[PDB]
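In: Fold the following for me, if possible:
(chains A, B and C, ligands or ions: 3)
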Amino acid sequence: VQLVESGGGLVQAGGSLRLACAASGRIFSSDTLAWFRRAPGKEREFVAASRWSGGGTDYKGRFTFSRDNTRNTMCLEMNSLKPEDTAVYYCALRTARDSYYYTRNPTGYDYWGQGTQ
Amino acid sequence: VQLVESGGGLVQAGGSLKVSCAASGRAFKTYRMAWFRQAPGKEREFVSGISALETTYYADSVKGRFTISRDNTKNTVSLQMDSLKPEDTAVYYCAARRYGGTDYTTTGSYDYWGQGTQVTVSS
Amino acid sequence: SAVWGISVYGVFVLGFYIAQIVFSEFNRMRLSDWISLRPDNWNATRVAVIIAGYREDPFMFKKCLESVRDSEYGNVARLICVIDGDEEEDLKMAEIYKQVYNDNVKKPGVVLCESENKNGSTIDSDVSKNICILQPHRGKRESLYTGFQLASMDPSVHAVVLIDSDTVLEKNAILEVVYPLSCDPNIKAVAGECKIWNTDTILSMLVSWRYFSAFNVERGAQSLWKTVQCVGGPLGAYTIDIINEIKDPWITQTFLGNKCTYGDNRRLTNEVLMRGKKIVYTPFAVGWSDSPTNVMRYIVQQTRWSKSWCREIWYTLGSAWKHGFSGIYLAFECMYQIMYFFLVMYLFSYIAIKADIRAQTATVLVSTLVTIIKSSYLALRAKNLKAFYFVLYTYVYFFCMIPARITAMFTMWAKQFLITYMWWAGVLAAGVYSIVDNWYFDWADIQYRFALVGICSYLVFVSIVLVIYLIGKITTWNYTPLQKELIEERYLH
Ligand SMILES: CCCCCCCCCCCCCCCCCC(=O)OC[C@H](COP(=O)(O)OCCN)OC(=O)CCCCCCCCCCCCCCCCC
Ligand SMILES: CC(C)CCC[C@@H](C)[C@H]1CC[C@H]2[C@@H]3CC=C4C[C@@H](OC(=O)CCC(=O)O)CC[C@]4(C)[C@H]3CC[C@]12C
Ligand SMILES: [Mn+2]
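Out: Numbers count the residues shown, from 1 in each chain, chains lettered A, B, ... in the order given. Ligands and ions are numbered 1, 2, ... in the order given. Find the structure here:
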């Protein structure tokens, strides 16, 4: 399951940017998709995630999670961006074959998308 | 199938007589038994008959006049003579039919006949 | 005499069917009312999926794994897969499991049932790794015990779901079988509806319709009074405490005549019923499983089921005694089954001996009318016009279940279908005697022509139904929507 996303650009304090992460394959209705604020070169942190079946996880309220559930892609929208908040995103995916628990650890995630700002 | 007719006699008007048509064969309940009368003046006419399922059929003024019954114990059919009158003096015959059409009054419908018996009443 | 018997038979059948319909409708309304109060994203009770099977088809096993993986729920503790055989040819399904899940076969040294230490931690080290089981072939009953032990070691697990290796699950199937048990502490076991995906064969479609009617009528009637029989099987839930406390009696029991691989479920349901806990059934959960396509295999399966029912009827009555003001309906139905079988056998013997055209036509017309009413009700409930084909189920039922029941009663160089051949020869001889004795044509008689018209109309109706079924197969209209994608994926291998 390869994941590719596009977006980014100029950042403004009052501006809003929308990001979409497209993947090819089947989600299997049991895989959780998570985003990361910064590249893992020096520092990486969790920001938001939500299981494909339902629910959601933040950190907030400034991040909105939307699932199309039809063309197996998802879109992420953010508001009131900060200069330190904007960075590269990966929209990684975690498989449920190993375990069903919420690992929250980026090491456990296996499917990694191309890093685009 | 062989049909043998026995009975009859000479009695006064209003008397009671019994006529039986003896028969035998491989099967008797399947055959349809009917009684036909024959007078010298006219031809044979249908008077009474019974089907395989014990259905009673009567001619004009025979509905309550006469009764017809059959039993499979001795494989014979018997008819009861009630309120005999001189105009009813005729030769009685019995017929057996296995396959037949809708009609039953027609003389030629039945493919079997019997010797018959003579019944005579005067007064 | 004969007409009175036919009339009382018809009125009793109609009354019982109407009462069962009313009970099923009341149960469905109660379940809908319960669902209407269900909060969104309800994940109060954990689910431990246990899968067991033997000689499973690789495509069917892969489809079942995909279906259970596609199930959507708030939280699942783990998935337990138990494989009956450990032979070299049995590693195919284990490798297939490694394609869908992690490679954790971890072949046990010996089956745990006769092991001195009856603890799941002996063969399992991690609870989150979704361990697999490859035990030696020693019976399907032993396979379920290992999965039960594996699920029982985790204190966080509150309930388990039992699914077959061949069954196909839906997205909301897991939630629908675990929600009802949580609301009522008395309710502990929930049964899910089972359906047959393939219906190309005339036997398969009739079996599917019979299963659907049974699940929607008898299961609902039992669940209204909360006395469901045969709750376990594919798409079945069990509360952890009851199974934990009754695992030992269910496995320590011995039997005189036991199949090499049968699996006992009625015994488990009866053991649950001994404690007096109430069991409910829901039709919202849908499960898809295959059915035999061979007449001989179906006859053998029916004989085995009848033998199991006859063996377990002794303990079935005891469960109803424990319940206070409950189980009387279950006991009445249990007596009604044998009473109905004996009465229909007596009626068949009487109509064969008498060989009366009027009585036979009347009883066949009554049977056709009641079957048509049942098919119409099934079509109305299922909102499908394919339920009208249930009229032909009477022939296969009469030709299969009765010899199967006779063989099961007699049991308690195959020599298994000998009784079936004797029954077929007897019914053929009875028909020959009836047709030979009544060999005449008297159109004058009203009764004879009425019987002939009735039998001709019945034959014409049967031929018309057979013809429309036959042309439906070519049109492929009768094919279920689910099996179309299955065969498409099988072709696109
Ligand atoms: C898809 C299938 C559709 C089937 C129906 C299709 C339409 C056809 C409708 C009619 C069917 C046949 C009914 C009988 C027609 C008889 C027509 C006829 O005239 O046949 C002639 C033949 C005898 O001919 P013959 O004696 O040479 O000449 C007679 C006139 N002089 O006459 C005979 O030999 C008549 C013999 C008739 C015997 C019929 C059987 C009667 C008893 C039936 C009992 C069935 C019990 C089954 C078991 C029930 C148990 C619950
Ligand atoms: C000379 C040969 C070739 C002809 C043989 C004739 C019989 C063997 C067939 C003809 C039609 C069949 C019957 C059609 C309908 C029924 C009703 C059935 O009872 C029920 O309806 C049970 C309903 C349920 O609960 O499912 C019992 C068998 C019976 C009599 C069948 C018995 C076998 C029959 C008599
Ligand atoms: Mn199978």
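
In: What count of nearby residues applies to residue C:138?
Out: 16 (other C-beta atoms under 10 Å in any protein chain shown). C-betas here are computed from N, CA, C, even on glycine.

In: Show me the helices in chain A, by range?
Out: Residue ranges of helices cannot be listed for chain A, since DSSP state H assigns none.

In: interface residues of chain A facing chain C?
Out: Taking C-beta under 8 Å from any C-beta of the partner chain as the contact definition, chain A meets chain C at A:28-30, A:53-55, A:96-101.

In: what's the most distant pair in these?
Out: Set against one another by C-beta to C-beta, those have their most distant pair in A:54 and A:98, with a gap of 20.9 Å.

In: coming back round to it: possible to save the residues of chain A next to chain C as TSV with neighbour count?
Out: Shown next, in TSV, are the residues of chain A next to chain C (neighbours: other C-beta atoms under 10 Å in any protein chain shown):
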residue	neighbour count
A:28	17
A:29	17
A:30	20
A:53	20
A:54	14
A:55	14
A:96	20
A:97	19
A:98	16
A:99	19
A:100	19
A:101	14
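
In: Spit out the contact partners of the residue sitting nearest the centre point of chain A.
Out: Centroid check for chain A by C-alpha atoms, centre = their mean gives residue A:35 as the closest residue, at 2.8 Å. By C-beta atoms under 8 Å, 6 or more residues apart in numbering or on different chains, the contact set of residue A:35 is A:47-49, A:76, A:89-92.

In: What of residue A:56?
Out: Residues in contact with residue A:56 (C-beta under 8 Å, 6+ apart) are A:48-50, A:65.

In: What of residue B:45?
Out: With contact set as C-beta under 8 Å, 6+ apart, residue B:45 has these partners: B:36-37, B:59.

In: Between its first and last residues, how far does stretch C:437-454 reach?
Out: Counting by C-alpha to C-alpha, to the nearest Å, you get 19 Å between the two ends of stretch C:437-454.

In: And for stretch C:190-201?
Out: Using C-alpha to C-alpha, the end-to-end distance of stretch C:190-201 comes to 31 Å.

In: what do you get for stretch A:87-96?
Out: End-to-end distance of stretch A:87-96: 28 Å, with C-alpha to C-alpha as the criterion.

In: Show me the longest strand that occurs in chain A.
Out: Of all segments of type strand in chain A, defined using DSSP state E, the longest is strand A:17-24.

In: List the buried residues in stretch C:179-188.
Out: Using 16 or more other C-beta atoms under 10 Å in any protein chain shown as the burial criterion, the residues of stretch C:179-188 that qualify are C:179-181, C:187-188.

In: Dump those residues to a markdown table, plus distance to residue C:275 and secondary structure.
Out: What follows is the buried residues of stretch C:179-188, written out as a markdown table (distance: C-beta to C-beta, whole Å; DSSP: H, G, I helix; E, B strand; the rest coil):
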| residue | distance to residue C:275 | secondary structure |
| --- | --- | --- |
| C:179 | 22 | helix |
| C:180 | 18 | helix |
| C:181 | 14 | helix |
| C:187 | 13 | strand |
| C:188 | 9 | strand |
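
In: Could you check how many residues crowd around residue C:144?
Out: Counted with other C-beta under 10 Å, the neighbours of residue C:144 add up to 25.

In: do the same with the one 3 residues further on
Out: Using other C-beta under 10 Å, residue C:147 is surrounded by 21 other residues.

In: same deal with residue C:3?
Out: Under the neighbour criterion other C-beta under 10 Å, residue C:3 is assigned a count of 11.

In: does the strand or helix carrying it come close to ligand 2?
Out: Assigned by DSSP states H and E, residue C:3 belongs to helix C:2-36. No - for helix C:2-36, no contact with ligand 2 is found by C-beta under 6 Å from any ligand atom; the gap never falls below 7.1 Å.

In: Identify the residue spatially nearest to the residue in chain B that ligand 2 sits nearest to, adjacent ones excluded.
Out: Sorted by distance to ligand 2 under C-beta to the nearest ligand atom, the residues of chain B start with residue B:30, at 17.4 Å. Distances taken as C-beta to C-beta, 6 or more residues apart in numbering or on different chains put residue C:440 closest to residue B:30, at 4.2 Å, once the chain neighbours are dropped.

In: Tell me how many other residues crowd that neighbour.
Out: Residue C:440: 18 surrounding residues under other C-beta under 10 Å.

In: For it, grab phi and psi.
Out: Comment: the main-chain dihedrals of residue C:440 come out as phi -160, psi 160, following degrees, to the nearest 10.

In: Equivalent analysis for residue C:193, please.
Out: Per-residue torsions, residue C:193: phi -70, psi 140 (degrees, to the nearest 10).

In: Chain C against chain A: which residues are in contact?
Out: Remark: the part of chain C in contact with chain A comprises C:41, C:66, C:69-78, C:100-102, C:128-130, C:171, using C-beta under 8 Å from any C-beta.

In: Kindly recompute the last result at 10 Å.
Out: Contact residues of chain C with respect to chain A, defined by C-beta under 10 Å from any C-beta of the partner chain, are listed as C:40-41, C:43, C:47, C:66, C:68-79, C:98-104, C:126-130, C:171.

In: Quick check on those residues: which are buried?
Out: Among the residues of chain C next to chain A, those scoring as buried are C:47, C:68-74, C:76-79, C:100-101, C:104, C:127, C:130 (criterion: 16+ other C-beta under 10 Å).

In: Just the element for residue C:344, please.
Out: Take DSSP H and E as the rule and residue C:344 turns out to sit in helix C:328-354.

In: what about that helix, near ligand 1?
Out: Yes - using C-beta under 6 Å from any ligand atom, we find that helix C:328-354 touches ligand 1 at residue C:351.

In: thinking again about what came up before, let's see which of the buried ones among the residues of chain C next to chain A end up in helices.
Out: For these, the ones inside helices are C:68-70, C:100, with DSSP H as the criterion.

In: Could I get the full set of strands for chain C?
Out: Taking DSSP E as the criterion, chain C contains strands spanning C:47-53, C:76-83, C:132-134, C:159-164, C:187-196, C:236-239, C:278-289, C:441-442.

In: Looking at the ones you listed, which is nearest to residue C:406?
Out: Nearest to residue C:406 among those is strand C:187-196; the distance by C-beta to C-beta comes to 26.1 Å.

In: Once you drop chain neighbours, what's closest to the residue of chain A found nearest ligand 2?
Out: Among residues of chain A, the one nearest ligand 2 by C-beta to the nearest ligand atom turns out to be residue A:29. It sits 40.4 Å away. In space, not counting the residues next to it along the chain, residue A:29 is nearest to residue C:70; the distance is 4.7 Å by C-beta to C-beta, 6+ apart.

In: Let me know whether that neighbour touches residue C:100 as I believe.
Out: No - at 11.2 Å, residue C:70 and residue C:100 do not qualify as touching, with contact defined as C-beta atoms under 10 Å.
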